[PDB]
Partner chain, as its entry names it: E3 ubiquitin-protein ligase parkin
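Listed next as C-alpha coordinates is one chain, alone, in the form solved without the partner chain.
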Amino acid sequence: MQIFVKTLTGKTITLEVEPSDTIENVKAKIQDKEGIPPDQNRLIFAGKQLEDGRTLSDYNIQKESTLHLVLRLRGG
(Lines give C-alpha, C1' and ligand atoms only; values in the text may rest on other atoms or scores of the structure.)
Protein backbone atom coordinates (compact mmCIF):
# COMPACT_ATOMS: atom_id res chain seq x y z
CA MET A 1 0.00 0.00 0.00
CA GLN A 2 1.64 3.22 -1.22
CA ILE A 3 0.16 6.73 -1.69
CA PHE A 4 1.16 9.94 -3.50
CA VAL A 5 1.11 13.55 -2.20
CA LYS A 6 1.36 16.81 -4.23
CA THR A 7 3.24 19.57 -2.30
CA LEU A 8 2.79 23.39 -2.71
CA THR A 9 6.07 23.40 -4.72
CA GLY A 10 4.48 21.10 -7.37
CA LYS A 11 6.54 18.02 -6.41
CA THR A 12 5.02 14.56 -6.12
CA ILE A 13 5.87 12.29 -3.18
CA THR A 14 5.55 8.46 -2.90
CA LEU A 15 5.13 6.88 0.59
CA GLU A 16 4.36 3.45 2.09
CA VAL A 17 1.38 3.57 4.49
CA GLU A 18 -1.42 1.16 5.60
CA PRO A 19 -5.28 1.39 5.77
CA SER A 20 -4.90 1.75 9.57
CA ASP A 21 -2.13 4.44 9.49
CA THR A 22 -3.01 7.68 11.35
CA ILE A 23 -2.81 11.06 9.63
CA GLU A 24 -0.19 12.04 12.28
CA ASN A 25 2.17 9.30 10.98
CA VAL A 26 1.47 9.97 7.29
CA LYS A 27 2.05 13.72 7.91
CA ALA A 28 5.43 12.90 9.61
CA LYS A 29 6.59 10.72 6.66
CA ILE A 30 6.21 13.73 4.27
CA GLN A 31 8.69 15.72 6.45
CA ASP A 32 11.29 12.96 5.92
CA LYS A 33 11.20 13.33 2.09
CA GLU A 34 10.50 17.13 1.85
CA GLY A 35 11.37 20.04 4.21
CA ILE A 36 7.92 20.95 5.62
CA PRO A 37 7.33 21.64 9.41
CA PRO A 38 3.87 21.08 11.05
CA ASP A 39 3.24 24.80 10.27
CA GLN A 40 1.61 26.29 7.16
CA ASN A 41 0.73 22.68 6.20
CA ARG A 42 -2.45 20.47 6.29
CA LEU A 43 -3.15 17.23 4.36
CA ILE A 44 -6.25 17.07 2.09
CA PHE A 45 -7.68 14.26 -0.16
CA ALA A 46 -10.35 14.96 -2.87
CA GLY A 47 -11.03 18.27 -1.02
CA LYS A 48 -11.73 16.38 2.27
CA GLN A 49 -9.64 18.19 4.89
CA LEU A 50 -7.70 15.66 7.01
CA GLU A 51 -6.19 15.86 10.50
CA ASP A 52 -4.88 13.59 13.29
CA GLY A 53 -6.88 11.20 15.45
CA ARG A 54 -8.24 9.32 12.38
CA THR A 55 -6.74 6.76 9.99
CA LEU A 56 -6.79 6.24 6.19
CA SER A 57 -9.81 3.88 6.39
CA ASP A 58 -11.88 6.46 8.36
CA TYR A 59 -11.26 8.96 5.54
CA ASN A 60 -11.84 6.06 3.03
CA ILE A 61 -8.40 6.48 1.41
CA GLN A 62 -7.37 3.48 -0.74
CA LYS A 63 -4.00 2.44 -2.27
CA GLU A 64 -2.20 4.56 -4.88
CA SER A 65 -4.27 7.65 -3.93
CA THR A 66 -2.96 11.21 -4.69
CA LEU A 67 -3.38 13.75 -1.85
CA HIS A 68 -2.82 17.55 -1.62
CA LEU A 69 -0.96 19.68 0.97
CA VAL A 70 -2.31 23.26 1.70
CA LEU A 71 -2.05 26.25 4.14
CA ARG A 72 -3.87 29.53 5.03
CA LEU A 73 -2.14 32.92 5.48
CA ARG A 74 -3.57 36.42 6.15
CA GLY A 75 -0.23 38.30 5.99
CA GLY A 76 -0.39 37.76 2.17
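Numbering follows the first chain given and starts at 1.
One more form of this protein should be noted, the form solved in complex with the partner chain, which is absent from this view; the next part is about it.
In the deposited complex, no heavy atom of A28 sits within 4.5 Å of the partner chain.
Taking non-hydrogen atoms only, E24 never approaches the partner chain to within 4.5 angstroms in the deposited complex.
Shown here without the partner chain, the chain has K6, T7, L8, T9, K11, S20 in 1-26 lying with a heavy atom within 4.5 Å of that partner in the deposited complex.
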